[PDB]
file coords-v3.csv (CSV, C-alpha atoms and all ligand atoms)
chain,number,residue,atom,x,y,z
L,12,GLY,CA,-14.2,8.0,-50.5
L,13,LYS,CA,-12.0,5.9,-48.1
L,14,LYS,CA,-12.1,2.2,-48.9
L,15,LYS,CA,-12.4,-1.2,-47.3
L,16,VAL,CA,-9.1,-3.0,-47.4
L,17,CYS,CA,-8.5,-6.7,-46.7
L,18,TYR,CA,-4.9,-7.7,-46.1
L,19,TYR,CA,-3.5,-11.2,-46.4
L,20,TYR,CA,-0.6,-12.5,-44.4
L,21,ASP,CA,0.7,-15.8,-42.9
L,22,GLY,CA,3.1,-15.6,-40.0
L,23,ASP,CA,5.1,-18.6,-41.3
L,24,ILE,CA,6.0,-16.8,-44.6
L,25,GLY,CA,9.2,-15.1,-43.3
L,26,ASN,CA,10.7,-18.5,-42.5
L,27,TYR,CA,10.9,-19.8,-46.1
L,28,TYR,CA,14.6,-19.6,-47.1
L,29,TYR,CA,15.7,-19.7,-50.8
L,30,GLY,CA,19.3,-20.5,-49.7
L,31,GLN,CA,22.7,-18.9,-48.9
L,32,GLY,CA,23.5,-16.0,-51.3
L,33,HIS,CA,20.0,-16.0,-52.9
L,34,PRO,CA,18.6,-12.4,-53.1
L,35,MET,CA,14.9,-13.4,-52.8
L,36,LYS,CA,14.1,-13.1,-49.0
L,37,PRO,CA,10.5,-14.0,-47.9
L,38,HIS,CA,11.6,-12.4,-44.5
L,39,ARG,CA,11.0,-9.0,-46.1
L,40,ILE,CA,7.2,-9.8,-46.0
L,41,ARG,CA,7.5,-10.3,-42.2
L,42,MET,CA,9.5,-7.1,-41.9
L,43,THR,CA,6.7,-5.3,-43.9
L,44,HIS,CA,4.0,-6.8,-41.6
L,45,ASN,CA,5.8,-5.9,-38.4
L,46,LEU,CA,6.4,-2.4,-39.6
L,47,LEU,CA,2.8,-1.8,-40.6
L,48,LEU,CA,1.6,-3.3,-37.3
L,49,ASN,CA,3.8,-0.9,-35.4
L,50,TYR,CA,2.3,2.0,-37.3
L,51,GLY,CA,-1.1,0.9,-36.1
L,52,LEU,CA,-2.4,0.1,-39.6
L,53,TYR,CA,-4.2,-3.1,-38.3
L,54,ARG,CA,-6.8,-0.8,-36.7
L,55,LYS,CA,-8.0,0.3,-40.1
L,56,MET,CA,-8.1,-3.0,-42.1
L,57,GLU,CA,-9.2,-6.6,-41.9
L,58,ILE,CA,-6.2,-9.0,-41.5
L,59,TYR,CA,-6.7,-12.5,-42.9
L,60,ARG,CA,-4.5,-15.5,-42.9
L,61,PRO,CA,-4.8,-17.0,-46.4
L,62,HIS,CA,-5.5,-20.8,-46.9
L,63,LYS,CA,-2.8,-23.0,-48.6
L,64,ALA,CA,-4.0,-23.1,-52.3
L,65,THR,CA,-4.5,-26.7,-53.4
L,66,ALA,CA,-3.4,-28.4,-56.6
L,67,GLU,CA,-7.0,-28.0,-58.0
L,68,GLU,CA,-6.6,-24.3,-57.5
L,69,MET,CA,-3.1,-24.1,-59.1
L,70,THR,CA,-4.1,-26.3,-62.1
L,71,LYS,CA,-6.7,-23.8,-63.2
L,72,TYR,CA,-3.5,-22.4,-65.0
L,73,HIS,CA,-0.5,-24.7,-64.4
L,74,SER,CA,-0.2,-28.1,-65.9
L,75,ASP,CA,-0.9,-31.2,-63.8
L,76,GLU,CA,2.7,-32.4,-64.4
L,77,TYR,CA,4.4,-29.2,-63.1
L,78,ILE,CA,2.2,-28.9,-60.0
L,79,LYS,CA,2.9,-32.7,-59.2
L,80,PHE,CA,6.6,-32.0,-59.5
L,81,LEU,CA,6.4,-28.9,-57.2
L,82,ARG,CA,4.3,-31.0,-54.6
L,83,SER,CA,7.0,-33.8,-54.7
L,84,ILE,CA,10.4,-32.1,-55.0
L,85,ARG,CA,12.5,-31.7,-51.8
L,86,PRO,CA,16.2,-31.1,-51.0
L,87,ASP,CA,16.4,-34.8,-49.8
L,88,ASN,CA,15.1,-36.4,-53.1
L,89,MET,CA,16.6,-33.7,-55.5
L,90,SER,CA,19.3,-36.2,-56.8
L,91,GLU,CA,16.4,-38.4,-58.1
L,92,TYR,CA,14.8,-35.5,-60.1
L,93,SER,CA,17.8,-34.0,-62.1
L,94,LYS,CA,15.9,-34.3,-65.4
L,95,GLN,CA,12.5,-33.1,-64.1
L,96,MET,CA,14.3,-30.1,-62.5
L,97,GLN,CA,15.9,-29.0,-65.9
L,98,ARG,CA,12.5,-29.5,-67.7
L,99,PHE,CA,10.6,-27.2,-65.2
L,100,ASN,CA,13.6,-24.7,-64.7
L,101,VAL,CA,14.2,-25.5,-61.1
L,102,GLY,CA,17.8,-25.4,-59.7
L,103,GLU,CA,19.6,-22.0,-59.9
L,104,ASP,CA,17.3,-18.9,-60.0
L,105,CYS,CA,14.4,-21.1,-58.7
L,106,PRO,CA,16.0,-23.4,-56.2
L,107,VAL,CA,14.6,-26.4,-54.3
L,108,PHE,CA,14.2,-25.4,-50.6
L,109,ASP,CA,12.5,-26.8,-47.6
L,110,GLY,CA,8.8,-26.0,-47.7
L,111,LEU,CA,8.9,-24.7,-51.3
L,112,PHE,CA,5.4,-26.1,-52.2
L,113,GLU,CA,3.9,-24.6,-48.9
L,114,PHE,CA,5.6,-21.2,-49.8
L,115,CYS,CA,3.8,-21.4,-53.2
L,116,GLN,CA,0.5,-22.4,-51.5
L,117,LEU,CA,0.5,-19.3,-49.2
L,118,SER,CA,1.7,-16.8,-51.8
L,119,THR,CA,-1.1,-18.1,-54.1
L,120,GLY,CA,-3.7,-18.4,-51.4
L,121,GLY,CA,-3.5,-14.7,-50.5
L,122,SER,CA,-4.0,-13.7,-54.2
L,123,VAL,CA,-6.8,-16.1,-54.9
L,124,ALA,CA,-8.6,-15.3,-51.5
L,125,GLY,CA,-8.2,-11.6,-52.3
L,126,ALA,CA,-9.8,-12.0,-55.7
L,127,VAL,CA,-12.7,-14.1,-54.2
L,128,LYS,CA,-13.3,-11.3,-51.6
L,129,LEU,CA,-13.4,-8.6,-54.4
L,130,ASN,CA,-15.8,-10.8,-56.5
L,131,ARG,CA,-18.1,-11.1,-53.5
L,132,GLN,CA,-18.1,-7.3,-53.2
L,133,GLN,CA,-16.9,-7.7,-49.6
L,134,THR,CA,-13.9,-5.4,-50.0
L,135,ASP,CA,-12.8,-2.5,-52.3
L,136,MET,CA,-9.2,-3.5,-52.1
L,137,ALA,CA,-7.3,-6.8,-51.3
L,138,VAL,CA,-3.6,-6.8,-50.5
L,139,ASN,CA,-1.2,-9.7,-50.7
L,140,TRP,CA,2.5,-8.7,-50.4
L,141,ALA,CA,3.6,-12.5,-50.6
L,142,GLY,CA,2.1,-12.6,-54.2
L,143,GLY,CA,2.9,-10.8,-57.5
L,144,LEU,CA,5.2,-13.6,-58.7
L,145,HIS,CA,4.8,-12.6,-62.4
L,146,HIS,CA,7.3,-14.8,-64.2
L,147,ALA,CA,5.9,-18.3,-63.5
L,148,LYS,CA,4.6,-20.0,-66.6
L,149,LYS,CA,2.1,-22.9,-67.2
L,150,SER,CA,4.9,-25.5,-66.9
L,151,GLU,CA,8.0,-23.7,-65.8
L,152,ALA,CA,9.5,-21.8,-62.8
L,153,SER,CA,11.3,-18.5,-63.7
L,154,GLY,CA,13.0,-15.5,-62.0
L,155,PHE,CA,12.4,-16.7,-58.4
L,156,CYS,CA,8.6,-17.4,-59.2
L,157,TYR,CA,7.2,-21.0,-59.2
L,158,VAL,CA,3.4,-20.6,-59.1
L,159,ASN,CA,1.8,-17.6,-60.9
L,160,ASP,CA,-0.5,-16.3,-58.2
L,161,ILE,CA,-1.4,-13.3,-60.4
L,162,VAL,CA,-2.7,-15.4,-63.3
L,163,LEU,CA,-4.7,-17.5,-60.9
L,164,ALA,CA,-6.1,-14.4,-59.2
L,165,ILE,CA,-7.1,-12.9,-62.6
L,166,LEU,CA,-8.8,-16.2,-63.7
L,167,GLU,CA,-10.8,-15.9,-60.4
L,168,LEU,CA,-11.7,-12.3,-61.3
L,169,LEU,CA,-12.7,-13.3,-64.8
L,170,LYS,CA,-15.6,-15.3,-63.3
L,171,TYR,CA,-17.4,-12.0,-62.5
L,172,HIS,CA,-15.5,-9.4,-64.6
L,173,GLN,CA,-15.7,-9.2,-68.4
L,174,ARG,CA,-12.5,-7.1,-68.5
L,175,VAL,CA,-9.6,-7.1,-66.0
L,176,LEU,CA,-6.7,-4.7,-66.2
L,177,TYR,CA,-3.2,-5.8,-65.0
L,178,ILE,CA,-0.5,-3.2,-64.2
L,179,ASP,CA,3.1,-4.2,-63.4
L,180,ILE,CA,5.5,-1.6,-61.8
L,181,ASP,CA,8.2,-4.1,-60.8
L,182,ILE,CA,11.5,-3.2,-62.6
L,183,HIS,CA,11.2,-6.6,-64.6
L,184,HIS,CA,8.8,-7.3,-67.4
L,185,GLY,CA,5.6,-9.1,-66.4
L,186,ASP,CA,6.2,-11.9,-68.9
L,187,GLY,CA,4.3,-14.8,-67.3
L,188,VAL,CA,1.1,-12.7,-66.9
L,189,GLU,CA,1.4,-11.2,-70.4
L,190,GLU,CA,2.0,-14.7,-71.9
L,191,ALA,CA,-1.1,-16.3,-70.2
L,192,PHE,CA,-3.4,-13.6,-71.6
L,193,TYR,CA,-1.6,-12.7,-74.8
L,194,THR,CA,-4.3,-13.9,-77.1
L,195,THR,CA,-7.3,-12.6,-75.2
L,196,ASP,CA,-9.0,-9.1,-75.0
L,197,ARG,CA,-10.5,-10.1,-71.6
L,198,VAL,CA,-7.3,-9.1,-69.8
L,199,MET,CA,-5.2,-6.1,-70.7
L,200,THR,CA,-1.6,-6.4,-69.5
L,201,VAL,CA,0.5,-3.1,-68.9
L,202,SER,CA,4.1,-3.5,-67.9
L,203,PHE,CA,6.7,-0.7,-67.2
L,204,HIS,CA,10.2,-2.2,-67.0
L,205,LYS,CA,13.9,-1.9,-67.6
L,206,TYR,CA,14.5,-3.3,-71.1
L,207,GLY,CA,17.8,-4.1,-72.9
L,208,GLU,CA,20.1,-7.0,-71.8
L,209,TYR,CA,18.1,-7.4,-68.7
L,210,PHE,CA,16.0,-10.2,-67.2
L,211,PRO,CA,13.8,-11.7,-68.6
L,212,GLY,CA,14.6,-10.3,-72.0
L,213,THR,CA,11.0,-9.7,-73.1
L,214,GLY,CA,8.6,-6.7,-73.1
L,215,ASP,CA,9.6,-4.8,-76.2
L,216,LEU,CA,7.1,-1.9,-77.0
L,217,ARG,CA,6.4,-3.8,-80.3
L,218,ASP,CA,5.0,-6.8,-78.3
L,219,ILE,CA,1.3,-5.8,-78.4
L,220,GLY,CA,-0.6,-9.1,-78.2
L,221,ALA,CA,-1.8,-11.5,-80.9
L,222,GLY,CA,-5.2,-12.7,-82.3
L,223,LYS,CA,-8.1,-11.4,-80.2
L,224,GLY,CA,-5.5,-10.1,-77.8
L,225,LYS,CA,-3.8,-7.7,-80.4
L,226,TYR,CA,-3.5,-4.2,-78.7
L,227,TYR,CA,-4.3,-5.8,-75.3
L,228,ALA,CA,-0.6,-6.1,-74.2
L,229,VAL,CA,1.2,-2.8,-73.5
L,230,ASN,CA,5.0,-2.6,-72.7
L,231,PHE,CA,6.8,0.6,-71.7
L,232,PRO,CA,10.6,-0.3,-72.1
L,233,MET,CA,12.9,1.9,-69.9
L,234,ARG,CA,16.6,2.6,-69.4
L,235,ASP,CA,18.7,2.7,-66.2
L,236,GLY,CA,18.1,5.4,-63.6
L,237,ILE,CA,14.4,6.5,-64.1
L,238,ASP,CA,13.4,8.9,-61.4
L,239,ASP,CA,10.1,10.0,-59.7
L,240,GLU,CA,9.6,13.0,-62.1
L,241,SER,CA,10.1,10.9,-65.3
L,242,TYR,CA,7.9,8.0,-64.1
L,243,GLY,CA,5.2,10.4,-63.0
L,244,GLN,CA,5.5,12.1,-66.4
L,245,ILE,CA,4.1,8.9,-68.1
L,246,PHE,CA,2.2,6.7,-65.6
L,247,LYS,CA,-0.9,8.8,-65.0
L,248,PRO,CA,-1.3,9.7,-68.8
L,249,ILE,CA,-0.9,6.0,-69.8
L,250,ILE,CA,-3.2,4.6,-67.1
L,251,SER,CA,-5.8,7.3,-67.7
L,252,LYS,CA,-5.8,6.4,-71.5
L,253,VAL,CA,-6.0,2.7,-70.7
L,254,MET,CA,-8.9,3.3,-68.3
L,255,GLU,CA,-10.7,5.4,-70.9
L,256,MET,CA,-10.2,3.0,-73.8
L,257,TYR,CA,-10.4,-0.4,-72.0
L,258,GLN,CA,-13.0,0.4,-69.3
L,259,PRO,CA,-12.0,-2.6,-67.1
L,260,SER,CA,-14.2,-3.6,-64.1
L,261,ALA,CA,-11.4,-4.8,-61.9
L,262,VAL,CA,-7.7,-4.1,-61.5
L,263,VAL,CA,-4.6,-6.1,-60.4
L,264,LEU,CA,-1.6,-4.0,-59.5
L,265,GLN,CA,1.8,-5.7,-59.1
L,266,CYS,CA,4.0,-3.5,-56.8
L,267,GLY,CA,7.4,-5.1,-57.2
L,268,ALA,CA,9.7,-2.9,-55.0
L,269,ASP,CA,12.9,-3.6,-57.1
L,270,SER,CA,12.1,-0.4,-59.2
L,271,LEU,CA,13.3,1.6,-56.1
L,272,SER,CA,16.6,3.4,-55.9
L,273,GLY,CA,19.3,1.3,-54.2
L,274,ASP,CA,17.8,-2.1,-55.0
L,275,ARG,CA,20.4,-4.9,-54.9
L,276,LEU,CA,19.3,-6.2,-58.4
L,277,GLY,CA,17.5,-3.1,-59.7
L,278,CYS,CA,18.9,-0.2,-61.7
L,279,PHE,CA,16.0,2.4,-61.3
L,280,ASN,CA,16.0,5.5,-59.1
L,281,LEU,CA,12.4,5.8,-57.7
L,282,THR,CA,11.7,6.8,-54.1
L,283,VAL,CA,8.9,5.2,-52.1
L,284,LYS,CA,6.7,8.3,-52.8
L,285,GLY,CA,7.4,7.9,-56.5
L,286,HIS,CA,6.5,4.2,-56.4
L,287,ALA,CA,3.4,4.8,-54.2
L,288,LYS,CA,2.1,7.6,-56.6
L,289,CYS,CA,1.3,4.6,-58.9
L,290,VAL,CA,-1.0,3.1,-56.2
L,291,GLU,CA,-2.6,6.6,-55.7
L,292,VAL,CA,-3.1,6.9,-59.5
L,293,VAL,CA,-4.8,3.5,-59.8
L,294,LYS,CA,-6.9,4.2,-56.6
L,295,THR,CA,-8.6,7.3,-58.1
L,296,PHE,CA,-10.4,5.1,-60.7
L,297,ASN,CA,-12.6,3.5,-57.8
L,298,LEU,CA,-12.5,0.0,-59.2
L,299,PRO,CA,-12.1,-3.3,-57.2
L,300,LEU,CA,-8.3,-3.5,-56.8
L,301,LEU,CA,-5.9,-6.4,-55.9
L,302,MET,CA,-2.5,-5.1,-54.8
L,303,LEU,CA,0.4,-7.5,-55.0
L,304,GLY,CA,4.1,-7.8,-54.1
L,305,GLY,CA,6.8,-9.0,-56.4
L,306,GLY,CA,10.6,-8.3,-56.6
L,307,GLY,CA,12.5,-6.2,-54.1
L,308,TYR,CA,16.0,-7.0,-52.9
L,309,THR,CA,17.1,-4.2,-50.5
L,310,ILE,CA,14.8,-5.5,-47.8
L,311,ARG,CA,14.7,-2.4,-45.6
L,312,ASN,CA,13.3,-0.5,-48.7
L,313,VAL,CA,10.9,-3.2,-49.6
L,314,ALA,CA,9.4,-3.0,-46.0
L,315,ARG,CA,9.2,0.8,-46.2
L,316,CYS,CA,7.6,0.7,-49.7
L,317,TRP,CA,4.8,-1.9,-48.9
L,318,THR,CA,4.1,-0.3,-45.5
L,319,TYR,CA,3.6,3.1,-47.2
L,320,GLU,CA,1.5,1.6,-50.0
L,321,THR,CA,-0.7,-0.2,-47.4
L,322,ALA,CA,-1.1,3.3,-45.7
L,323,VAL,CA,-1.9,4.8,-49.1
L,324,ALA,CA,-4.5,2.0,-49.8
L,325,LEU,CA,-6.1,3.0,-46.5
L,326,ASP,CA,-5.9,6.8,-47.1
L,327,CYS,CA,-4.1,6.9,-43.7
L,328,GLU,CA,-1.3,9.5,-43.3
L,329,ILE,CA,1.7,8.0,-41.3
L,330,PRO,CA,4.8,9.8,-39.8
L,331,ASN,CA,8.1,9.7,-41.6
L,332,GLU,CA,9.8,8.9,-38.2
L,333,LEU,CA,9.8,5.1,-38.1
L,334,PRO,CA,8.0,3.6,-35.0
L,335,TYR,CA,10.0,1.0,-33.0
L,336,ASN,CA,9.7,-2.5,-34.5
L,337,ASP,CA,11.4,-6.0,-34.4
L,338,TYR,CA,13.7,-5.0,-37.3
L,339,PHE,CA,14.4,-1.4,-36.2
L,340,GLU,CA,18.2,-1.8,-36.8
L,341,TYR,CA,17.6,-2.6,-40.6
L,342,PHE,CA,16.3,1.0,-41.1
L,343,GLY,CA,19.5,2.7,-39.9
L,344,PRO,CA,21.3,5.1,-40.1
L,345,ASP,CA,18.2,7.4,-40.6
L,346,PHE,CA,15.3,5.4,-39.1
L,347,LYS,CA,12.9,7.2,-41.5
L,348,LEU,CA,10.1,5.7,-43.7
L,349,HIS,CA,10.9,7.7,-46.9
L,350,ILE,CA,14.1,7.3,-49.0
L,351,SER,CA,16.3,9.6,-51.0
L,352,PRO,CA,17.1,9.0,-54.7
L,353,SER,CA,20.8,8.4,-55.6
L,354,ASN,CA,23.0,10.6,-57.9
L,355,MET,CA,22.7,8.0,-60.7
L,356,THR,CA,22.2,9.3,-64.2
L,357,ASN,CA,18.7,9.0,-65.6
L,358,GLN,CA,19.3,7.4,-69.1
L,359,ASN,CA,15.6,8.0,-69.9
L,360,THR,CA,15.6,11.5,-71.5
L,361,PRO,CA,12.3,13.5,-71.3
L,362,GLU,CA,12.2,13.1,-75.1
L,363,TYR,CA,12.5,9.3,-74.9
L,364,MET,CA,9.7,9.2,-72.2
L,365,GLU,CA,7.3,11.3,-74.4
L,366,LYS,CA,8.1,9.4,-77.6
L,367,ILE,CA,7.4,5.9,-76.1
L,368,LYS,CA,4.2,7.4,-74.6
L,369,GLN,CA,3.1,8.7,-78.0
L,370,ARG,CA,3.8,5.3,-79.6
L,371,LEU,CA,1.7,3.6,-76.9
L,372,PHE,CA,-1.1,6.1,-77.4
L,373,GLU,CA,-1.2,5.2,-81.1
L,374,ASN,CA,-1.7,1.5,-80.1
L,375,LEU,CA,-4.4,2.5,-77.6
L,376,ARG,CA,-6.3,4.3,-80.5
L,377,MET,CA,-6.8,0.8,-82.1
L,378,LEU,CA,-9.1,-0.4,-79.2
L,379,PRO,CA,-12.9,-0.5,-80.1
Q,1,LIG,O1,12.6,-9.6,-59.5
Q,1,LIG,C1,12.4,-10.5,-60.3
Q,1,LIG,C2,13.3,-11.7,-60.6
Q,1,LIG,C3,14.8,-11.3,-61.0
Q,1,LIG,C4,15.5,-12.6,-61.4
Q,1,LIG,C5,16.9,-12.3,-61.9
Q,1,LIG,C6,17.6,-13.6,-62.3
Q,1,LIG,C7,19.1,-13.5,-62.3
Q,1,LIG,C8,19.7,-13.6,-61.0
Q,1,LIG,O2,20.1,-12.5,-60.5
Q,1,LIG,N1,19.9,-14.8,-60.3
Q,1,LIG,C9,20.5,-15.1,-59.1
Q,1,LIG,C10,21.3,-14.2,-58.4
Q,1,LIG,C11,22.0,-14.6,-57.2
Q,1,LIG,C12,21.8,-15.9,-56.7
Q,1,LIG,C13,20.9,-16.8,-57.4
Q,1,LIG,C14,20.3,-16.4,-58.6
Q,1,LIG,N2,11.3,-10.4,-61.1
Q,1,LIG,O3,10.4,-9.3,-60.9
Q,2,CA,CA,7.1,-4.3,-64.7
Q,3,NA,NA,-4.2,-9.6,-73.2
Q,4,ZN,ZN,11.6,-7.8,-60.4
call {"tool": "encode", "arguments": {"input": "coords-v3.csv", "output": "C-alpha cells"}}
result
Amino acid sequence: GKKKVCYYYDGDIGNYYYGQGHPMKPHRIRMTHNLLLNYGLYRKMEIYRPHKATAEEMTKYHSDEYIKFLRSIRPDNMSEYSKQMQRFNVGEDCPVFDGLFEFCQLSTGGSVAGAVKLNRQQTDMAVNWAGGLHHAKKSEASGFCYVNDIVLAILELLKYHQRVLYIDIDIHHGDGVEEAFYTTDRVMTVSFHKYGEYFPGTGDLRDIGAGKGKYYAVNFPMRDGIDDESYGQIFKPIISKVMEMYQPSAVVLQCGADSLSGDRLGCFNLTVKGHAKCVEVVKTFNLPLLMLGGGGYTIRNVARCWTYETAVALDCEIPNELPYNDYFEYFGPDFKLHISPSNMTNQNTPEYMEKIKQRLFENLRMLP
C-alpha cells in the first residue's frame, strides 16, 4: 500500500561551504527541499528537523581521537594541526571549512533519527538527503565524507534487526560501509559502481567479505556510460535474489545522484527515471527503508533526482513541468523535472552485464 514517510532536513544545511572550486555543494540539499516544497510534497509527509548528533553518537563507530579532532579543527587553528590533518585525511578532498563539525552533526542526526523512527515502527520510510556519506572510515575522512552517517544508522537498526541490507547506487563504491561490516553476516552490503582507475579504487566483484562476512559483500563493477536499460537489466534481478537469499528485516538505500547523465564528476548515463526505478524496486519489498543522499555534482540534476525519489517514496505522481521555486533559473533551458540521456557510448555491453550478474548469482547461492 502507500507508506508513511518521515523526512529530515535542517534549513541551515545549504549554508555549509566546502570552499572555492570544491564540487561538493550542500546548497543542492536546500534546492531539493525548496523544489519538493513547491511540488506540495510536504502535504503528504512528516518533516522533521534532525538533532545535531553528539560525540557519544558518532563514537558508536568512529574513534574518540578522530571525533575530538573534527570537534576541534577550524580554518583559524588549521596551521597548528598540520600533522593531525594528514593523519585523518583532512585537507584536499575533505577540507576544513567553517561549521564542518556542525555539518557532520546534521548529516548524521538525520540518518540516526530516521533509523530510530523505523525501529520504533513509527514510519515505513525515513528520508535524509543530507546523509549517505559512504566513504568515511573509523578514523579517517575520505571522498568529501567525514562522519559515516550510514554506518551509524545501520548500527542503530541492528539494535532491533538481526539482518540489515545496504544498497548503494552512487557512482562510487560504498567502501566505508562495506569496510565497517566486512566481517559480519548481520549486514549485507551491495554496491553498483564505476570501477577501473576511479575513486576510491575498491569494489572489485572478487571482494566478497571475510570470516563470518564471506558472501555478505556484493560488488557490481561497471564501465563508463551505463544507461537506464542496462541498469534496469541487472538491478531488479540482483536485489530480488539478495532479498530471497538474505531475508533482511530493514533496508538502507544510498541514492547518490552522481550516477546520473551529465554529472560533473560522474561518467554514467542514467536519467532520473532510471535512477528512481531503483527506489521503486526496493519499495516493493515492503521493508522498513532508510533512503539517503550521497554524491551528485550537477546540482540542478541532484535536486530533480531527490525531489522525484521523494515523490516515488510517497507514491505521489508529480508533473514534469517544474513548479516555480527559489532556484527556478538553475533548471533552464527546459524547466522540466526529467532529464535526457547523453549520446555517450555505453561501455557496458549487454554480455558484460549478464556475465557479472551470473557471477554474483553464484556467490549468492553460497548463502545458508
Ligand atoms: O561522490 C563521491 C566522492 C568523489 C570524490 C572524488 C575525489 C577526487 C576529486 O575529484 N577531488 C576534488 C576535486 C576538485 C576539488 C577538490 C577535490 N563519493 O560517492
Ligand atoms: Ca555505489
Ligand atoms: Na557484511
Ligand atoms: Zn559518488
call {"tool": "closest_atom_pairs", "arguments": {"input": "coords-v3.csv", "of": "stretch 203-227 of chain L", "to": "stretch 144-149 of chain L", "cutoff": "12 Å", "atoms": "all atoms listed in the file", "output": "tab-separated table"}}
result
residue	atom	partner	partner_atom	distance
L:210	CA	L:146	CA	10.3
L:211	CA	L:146	CA	8.4
L:212	CA	L:146	CA	11.6
L:213	CA	L:146	CA	10.9
call {"tool": "residues_near_point", "arguments": {"input": "coords-v3.csv", "point": "(-13.3, -0.7, -57.7)", "cutoff": "8 Å", "atoms": "all atoms listed in the file", "output": "ChimeraX atom specification"}}
result
/L:135-136,260-262,296-300
call {"tool": "closest_atom_pairs", "arguments": {"input": "coords-v3.csv", "of": "chain L", "to": "ligand NA 3 (chain Q)", "cutoff": "12 Å", "atoms": "only C-alpha atoms and all ligand atoms", "output": "Markdown table"}}
result
| residue | atom | partner | partner_atom | distance |
| --- | --- | --- | --- | --- |
| L:162 | CA | Q:NA3 | NA | 11.6 |
| L:165 | CA | Q:NA3 | NA | 11.5 |
| L:174 | CA | Q:NA3 | NA | 9.9 |
| L:175 | CA | Q:NA3 | NA | 9.3 |
| L:176 | CA | Q:NA3 | NA | 8.9 |
| L:177 | CA | Q:NA3 | NA | 9.1 |
| L:178 | CA | Q:NA3 | NA | 11.6 |
| L:185 | CA | Q:NA3 | NA | 11.9 |
| L:186 | CA | Q:NA3 | NA | 11.5 |
| L:187 | CA | Q:NA3 | NA | 11.6 |
| L:188 | CA | Q:NA3 | NA | 8.8 |
| L:189 | CA | Q:NA3 | NA | 6.5 |
| L:190 | CA | Q:NA3 | NA | 8.1 |
| L:191 | CA | Q:NA3 | NA | 8.0 |
| L:192 | CA | Q:NA3 | NA | 4.4 |
| L:193 | CA | Q:NA3 | NA | 4.4 |
| L:194 | CA | Q:NA3 | NA | 5.8 |
| L:195 | CA | Q:NA3 | NA | 4.8 |
| L:196 | CA | Q:NA3 | NA | 5.2 |
| L:197 | CA | Q:NA3 | NA | 6.5 |
| L:198 | CA | Q:NA3 | NA | 4.6 |
| L:199 | CA | Q:NA3 | NA | 4.4 |
| L:200 | CA | Q:NA3 | NA | 5.5 |
| L:201 | CA | Q:NA3 | NA | 9.1 |
| L:202 | CA | Q:NA3 | NA | 11.6 |
| L:218 | CA | Q:NA3 | NA | 10.9 |
| L:219 | CA | Q:NA3 | NA | 8.5 |
| L:220 | CA | Q:NA3 | NA | 6.2 |
| L:221 | CA | Q:NA3 | NA | 8.3 |
| L:222 | CA | Q:NA3 | NA | 9.7 |
| L:223 | CA | Q:NA3 | NA | 8.2 |
| L:224 | CA | Q:NA3 | NA | 4.8 |
| L:225 | CA | Q:NA3 | NA | 7.5 |
| L:226 | CA | Q:NA3 | NA | 7.7 |
| L:227 | CA | Q:NA3 | NA | 4.3 |
| L:228 | CA | Q:NA3 | NA | 5.1 |
| L:229 | CA | Q:NA3 | NA | 8.7 |
| L:230 | CA | Q:NA3 | NA | 11.6 |
| L:257 | CA | Q:NA3 | NA | 11.2 |
call {"tool": "closest_residue", "arguments": {"input": "coords-v3.csv", "among": "L:345, L:291, L:215, L:326", "to": "residue L:52", "atoms": "all atoms listed in the file"}}
result
L:326
call {"tool": "closest_atom_pairs", "arguments": {"input": "coords-v3.csv", "of": "chain L", "to": "ligand ZN 4 (chain Q)", "cutoff": "7 Å", "atoms": "all atoms listed in the file", "output": "CSV"}}
result
residue,atom,partner,partner_atom,distance
L:181,CA,Q:ZN4,ZN,5.0
L:182,CA,Q:ZN4,ZN,5.1
L:183,CA,Q:ZN4,ZN,4.4
L:267,CA,Q:ZN4,ZN,5.9
L:269,CA,Q:ZN4,ZN,5.5
L:305,CA,Q:ZN4,ZN,6.4
L:306,CA,Q:ZN4,ZN,4.0
L:307,CA,Q:ZN4,ZN,6.6
call {"tool": "closest_residue", "arguments": {"input": "coords-v3.csv", "among": "L:157, L:203, L:317, L:29", "to": "ligand CA 2 (chain Q)", "atoms": "only C-alpha atoms and all ligand atoms"}}
result
L:203
call {"tool": "residues_around", "arguments": {"input": "coords-v3.csv", "residues": "stretch 66-71 of chain L", "least_positions_apart": "2", "cutoff": "9 Å", "atoms": "all atoms listed in the file", "output": "PDB file with C-alpha atoms, in the coordinates of the input"}}
result
ATOM      1  CA  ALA L  64      -4.000 -23.100 -52.300  1.00  0.00           C
ATOM      2  CA  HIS L  73      -0.500 -24.700 -64.400  1.00  0.00           C
ATOM      3  CA  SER L  74      -0.200 -28.100 -65.900  1.00  0.00           C
ATOM      4  CA  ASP L  75      -0.900 -31.200 -63.800  1.00  0.00           C
ATOM      5  CA  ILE L  78       2.200 -28.900 -60.000  1.00  0.00           C
ATOM      6  CA  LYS L  79       2.900 -32.700 -59.200  1.00  0.00           C
ATOM      7  CA  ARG L  82       4.300 -31.000 -54.600  1.00  0.00           C
ATOM      8  CA  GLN L 116       0.500 -22.400 -51.500  1.00  0.00           C
ATOM      9  CA  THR L 119      -1.100 -18.100 -54.100  1.00  0.00           C
ATOM     10  CA  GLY L 120      -3.700 -18.400 -51.400  1.00  0.00           C
ATOM     11  CA  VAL L 123      -6.800 -16.100 -54.900  1.00  0.00           C
ATOM     12  CA  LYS L 149       2.100 -22.900 -67.200  1.00  0.00           C
ATOM     13  CA  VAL L 158       3.400 -20.600 -59.100  1.00  0.00           C
ATOM     14  CA  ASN L 159       1.800 -17.600 -60.900  1.00  0.00           C
ATOM     15  CA  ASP L 160      -0.500 -16.300 -58.200  1.00  0.00           C
ATOM     16  CA  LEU L 163      -4.700 -17.500 -60.900  1.00  0.00           C
ATOM     17  CA  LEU L 166      -8.800 -16.200 -63.700  1.00  0.00           C
TER      18      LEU L 166
END
call {"tool": "closest_residue", "arguments": {"input": "coords-v3.csv", "among": "L:33, L:62, L:205, L:44", "to": "ligand CA 2 (chain Q)", "atoms": "only C-alpha atoms and all ligand atoms"}}
result
L:205
call {"tool": "closest_residue", "arguments": {"input": "coords-v3.csv", "among": "L:155, L:140, L:92, L:53", "to": "ligand LIG 1 (chain Q)", "atoms": "all atoms listed in the file"}}
result
L:155
call {"tool": "closest_residue", "arguments": {"input": "coords-v3.csv", "among": "L:16, L:47, L:111, L:324", "to": "residue L:129", "atoms": "only C-alpha atoms"}}
result
L:16
call {"tool": "residues_around", "arguments": {"input": "coords-v3.csv", "residues": "residue L:32", "least_positions_apart": "6", "cutoff": "12 Å", "atoms": "all atoms listed in the file", "output": "list in words"}}
result
residues 103, 104, 106 and 308 of chain L
